[PDB]
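Read off the chains here:
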Amino acid sequence: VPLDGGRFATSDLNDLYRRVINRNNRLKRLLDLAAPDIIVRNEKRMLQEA
Amino acid sequence: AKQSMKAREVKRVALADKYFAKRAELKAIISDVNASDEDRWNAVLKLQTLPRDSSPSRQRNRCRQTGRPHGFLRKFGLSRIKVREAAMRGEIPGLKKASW
Amino acid sequence: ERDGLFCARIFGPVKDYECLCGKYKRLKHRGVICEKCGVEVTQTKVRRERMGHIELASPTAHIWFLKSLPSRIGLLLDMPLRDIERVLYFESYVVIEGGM
Amino acid sequence: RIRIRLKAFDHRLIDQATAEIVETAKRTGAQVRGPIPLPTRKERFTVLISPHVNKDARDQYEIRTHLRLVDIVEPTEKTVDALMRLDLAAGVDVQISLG
Amino acid sequence: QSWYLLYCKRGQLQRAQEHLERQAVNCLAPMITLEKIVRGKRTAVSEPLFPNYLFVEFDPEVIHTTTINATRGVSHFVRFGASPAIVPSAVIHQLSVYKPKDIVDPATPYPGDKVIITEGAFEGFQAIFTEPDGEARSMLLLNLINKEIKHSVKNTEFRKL
DNA sequence: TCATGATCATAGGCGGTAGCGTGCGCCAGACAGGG
DNA sequence: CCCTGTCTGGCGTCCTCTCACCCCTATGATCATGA
């Protein structure tokens, strides 16, 4: 929705989906360039919680 | 034409497709004047070994609809009879009866 | 922005028969899709019904089957909910294929 | 400079296509060269019309491939780029070539 | 007082690591070079590969954390559980020198890349950098009914105009 | 001509080297404590 | 295993009307002025 002020106070759903896609793209990049042994775990915890 | 003839041709075409690189290489070798005699002989014998249907000069152009060997035309891939039918029926683009 | 949350080539055109790139707007030219933006010039009602998917990089436990009291994953595995929460949040280890 | 070679069997259609490209050019850029008509290729064919044998019985068809040379002297940013989205009517093979 | 992997913050090592490397404190993160044409300019920066993952050596009890909280380097410990998990230092011990994966400069292009080549009017089609020769200009990698020309575009432009 | 200072424009999720929360209430059913 | 306490989930009227509110702060870059 526009609030007629040049900005979009967004709905909560786009914020949630945006958080999941941020965290998922960062997890794809961290599985790409190899995870530091006992490390590819915090990012998956963050994705599960998002 | 028969089904069998069409099949034979298809086969021949397939074989031409298959052995083109090798046969061409062999022809080149045989031609090459700057080359060993024994090598040239090996090449001509090797050409003999390859299948005969491998040659492009074996395959006859037929009508793509009827398989009729004679009366063929290249631009259309059809024999005169079917080509005329096509002109009449409108399915060949651009083609119309010509007078001058 | 292609292809974020609000898209055009995932979910459809913003305006009716109004292709993002703009190339089709005829009454006798309906059905053909766009080539530039690849947006099928149709209606904007289709942005109410097309869904997209996210490929999660690692699998993810649904919350409604984990914490609904009773836990369906809980009394499916014959396993209490505290062990499943300590496995699903990466702070323990559960055994699969324990061997001899 | 952009040479453009329009080819088609129908001459009215090719003419229409020539016009349209000219408009596309003129609005964006400047100094369109012009729609020069090259020679037409009249590829003729003779065939026997009898199924079996009547040799003097024949039909003589032809295909008239028409050529239109359109040229653009100043390629700007906007102009060349227009053409990408501006597809022409079908049955008209165009051939653009810059330089 | 040992090596521990912490989710941290970025770019300002030397101050929380002033707290740290005031001692013989140890710190490490995976590594990568970045060639990134930031704004019309190729920039080369061999920065740590990872986000906030970082190895720090310190000692838990006597120095309590909330005092040190006011600084970066603090998202939280590697846990896999409630307690701050004692991390291995696999790179330090048995994996010192690496990143032969590539210097891909994650998603930023090298020569021959297939992405957007033009914006403004002519864009609505992924034309192609058959070569990012030099970020300057050419005539596009466009393909209609003739020869496929390469870029039509000026410095900041051939990529995302 | 070069360097420094000031002003304007554009860009993200406790703010901090801790602690904030504190004035509903019932029912109910599962999870677990004690024995 | 048989209670018995704890815990955390659920739920808590309808319809209408009005009003405000819906980033500011920090950092970086560019331009102008002074030496």
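Residues numbered from 1 in each chain as written, not as in the entry; some residues may be left out. Chains lettered and ligands numbered in written order. Part of a larger assembly, values for the part shown. Heavy atoms only, no water.

The deposited coordinates derive from cryo-EM, with the record listing a resolution of 3.6 Å.

**Brief notes about helix α1 (residues 13–21) of chain E**
Residue and element names in this part refer to chain E. The following threshold applies: Only protein chains enter the calculation, and the probe is 1.4 Å; a residue is then buried if its accessible area is under 20% of its type maximum, exposed if over 50%, and partly exposed in between. Strands are runs of DSSP state E lasting at least two residues, helices are runs of H or I lasting at least four, and both sets are numbered from the N terminus onward. Each direction from the helix axis to a C-beta atom contributes to the arc, which is the arc of those directions. For this analysis, residues touch if any pair of their heavy atoms sits within 4.5 Å.
Of the residues making up α1, those classed as buried are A16, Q17 and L20. Projection of α1 onto a plane perpendicular to its axis shows the buried side chains occupying an angular sector of 95°, all on one side. Residues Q14 and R15 are exposed on α1 and point more than 90 degrees away from its buried face. Lining the buried residues of α1 we find β2 (27–28) and β5 (53–58).

**Concerning the environment of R5 of chain D**
All names here are of chain D. Among the secondary structure elements, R5 is positioned in strand β1 (residues 2–8). Sequence separation between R5 and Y61 is 56 residues; the distance between their C-alpha atoms is 25 Å. Excluding residues within four positions of it along the chain, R5 makes contact with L38, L67, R68, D93, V94 and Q95.

**Observations concerning the nonpolar core**
Soluble globular proteins tend to pack their nonpolar side chains together in the buried interior. Where we set the bar: The criterion is simple. A nonpolar core is a set of buried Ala, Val, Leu, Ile, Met, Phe, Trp, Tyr and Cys residues joined through side-chain atoms within 4.5 Å.
By size, the foremost hydrophobic cluster in this structure holds 26 residues, and its most contacted members are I4 and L6 of chain D together with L140 of chain E. Elements with a minimum of two residues in this core: β1, α1 (11–28), β4 (58–72) and α2 (77–85) of chain D. Per element, the largest residue contribution to this core is five residues, and it comes from α1 of chain D. Discounting chain neighbours no more than four positions away, the residues touching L6 of chain D are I14, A17, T18, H66, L67, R68, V70, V92, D93 and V94 of chain D. Counting residues in each nonpolar core, the second largest holds 23 residues, with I39 of chain A together with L6, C8 and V56 of chain E among its members.

**Observations concerning the packing of α1 of chain D against α2 of chain D**
All names here are of chain D. Going by this rule: As a rule, the C-alpha atoms of each element are fitted with a line to give its axis, helices using only the stretch in contact, and angles between N-to-C directions run from 0 to 180 degrees. Should an angle fall under 35 degrees it is called roughly parallel, over 145 degrees roughly antiparallel, and 65 to 115 degrees roughly perpendicular, with every other angle called oblique. Handedness of a crossing follows from how the near helix is turned relative to the far one, being left-handed for an anticlockwise turn of less than a right angle and right-handed for a clockwise one. Classes in brief: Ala, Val, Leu, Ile, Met, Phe, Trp, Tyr, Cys and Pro nonpolar; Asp, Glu, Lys and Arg charged; the others, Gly included, polar.
Interhelical geometry of α1 versus α2 gives an angle of 150° and a closest axis separation of 8 Å. By the criterion of interaxial angle, the relationship of α1 to α2 is roughly antiparallel. Here the hand of the crossing between α1 and α2 comes out right-handed. Contacts from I21, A25 and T28 in α1 reach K78, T79, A82 and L83 in α2. Looking at the contact of α1 with α2, its residues break down into four nonpolar, two polar and one charged.

**Section: the environment of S54 of chain B**
All names here are of chain B. Applicable threshold: Here a polar contact means two N or O atoms within 3.5 Å. Within protein one must be a hydrogen donor candidate and the other an acceptor candidate, and residues neighboring in sequence count only if both atoms are side-chain atoms.
One can find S54 in the loop between α3 (37–49) and β1 (72–73). We classify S54 as buried; its relative accessible area is 1%. Spatially, the C-alpha atoms of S54 and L15 are 4.8 Å apart, while their sequence positions differ by 39 residues. The residues contacting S54, other than those within four sequence positions of it, are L15, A16, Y19 and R23. Among the polar contacts made by the side chain of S54, one reaches the main-chain carbonyl oxygen of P51 at a distance of 3.1 Å.

**Overview of the domain arrangement of chain E**
Residue and element names in this part refer to chain E. The test is simple: In this document the domain limits rely on a domain assignment from an automatic tool or a database. In short, buried area is how much 1.4 Å probe accessible area vanishes from two parts on joining, totalled over both. For this analysis, a salt bridge means a side-chain nitrogen from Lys or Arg found within 4 Å of a carboxyl oxygen belonging to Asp or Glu.
Under the domain assignment, chain E is made up of domain 1 (1–101) and domain 2 (102–161). For domain 1 versus domain 2, the separation of C-alpha centres amounts to 37 Å. When the two sides are added together, the surface that domain 1 and domain 2 hide from each other amounts to roughly 880 Å², 49% of it contributed by carbon and sulfur. Broken down residue by residue, the surface that domain 1 buries against domain 2 is led by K36, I37 and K101, which jointly contribute 41%. In this structure, the connection of domain 1 to domain 2 is made through zero salt bridges. Inspection of the domain 1/domain 2 interface yields five residue pairs in polar contact. The element contributing the most residues to the side of domain 1 that touches domain 2 is strand β3 (residues 31–37), with six residues.

**Concerning the pairing of β3 of chain E**
All names here are of chain E. Here is the rule we go by: For two strands to be treated as a pair, DSSP must find no fewer than two bridges joining them.
Of all seven residues in β3, five are buried; the element is thus mostly enclosed. Inspection of the sheet shows β3 paired to strand β4 (residues 42–48) by seven bridges, in the antiparallel sense. Paired with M31 across the bridge in β4 is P48. Between β3 and β4, which pair antiparallel and follow one another directly, the connecting turn spans four residues, one of which, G40, has a positive phi of 65°.

**Quick word on a nonpolar patch on the surface**
Heads up, the condition is: Patch membership requires over 30% relative accessible area and the absence of a salt bridge. Like charges are linked within 9 Å, and nonpolar side chains (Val, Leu, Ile, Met, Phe, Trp, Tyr) within 5 Å. Surface exposure here means Shrake-Rupley accessible area, sampled with a 1.4 Å probe, where a residue is shielded only by the protein chains that are shown.
There is a patch of nonpolar side chains on the surface, built from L13, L16 and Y17 of chain A together with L5, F6, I54 and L56 of chain C and spanning about 670 Å² of accessible area. The class of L16 of chain A is partly exposed, set by a relative accessible area of 47%.

**What to know about the sheet that holds β2 of chain E**
All names here are of chain E. A sheet is described by the order of its strands in space; here four strands give the open sequence β2-β5-β1-β6, paired in antiparallel fashion. Since the sheet does not close on itself, it has two edges, and those belong to β2 and β6 (76–77), each with one partner. Summarising the sheet, strand β1 (residues 2–7) and β6 pair through two bridges and their orientation is antiparallel. Within β6, the residue paired with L6 across the bridge is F77.

**Here we look at the interface of chain E and chain C**
With six residues of chain E at the contact, the number on the chain C side is six residues. The contact between chain E and chain C buries some 460 Å² in all, and 49% of this surface belongs to carbon and sulfur atoms. Considering only the surface of chain E that becomes buried against chain C, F80, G81 and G124 of chain E emerge as the three largest contributors, covering 79% of it. For the interface between chain E and chain C, the tally reads zero salt bridges. At the junction of chain E and chain C, the tally comes to six residue pairs in polar contact.

**Details of the protein's contact with DNA strand F**
Applied cut-off: Note on definitions. A residue lies near a molecule or strand when any single heavy atom of the residue is within 4 Å of it.
With respect to spatial proximity, the complete set of residues near DNA strand F consists of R82 of chain C together with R15, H19, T66, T67, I68, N69, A70 and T71 of chain E. Close to the protein, within 4 Å, the atoms of DNA strand F are drawn from sugar and phosphate at a rate of 61%. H19 of chain E places a polar side-chain atom, nitrogen or oxygen, 3.0 Å from a base oxygen of DNA strand F. Here a sugar or linking oxygen of DNA strand F sits 3.5 Å away from a polar atom, N or O, in the main chain of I68 of chain E. Those elements that provide at least two residues to the surface near DNA strand F are α1 and α2 (65–68) of chain E. Ranked by residue count, the leading element in the surface near DNA strand F is α2 of chain E, at three residues. Looking at the surface near DNA strand F residue by residue, the classes come out as two nonpolar, five polar and two charged.

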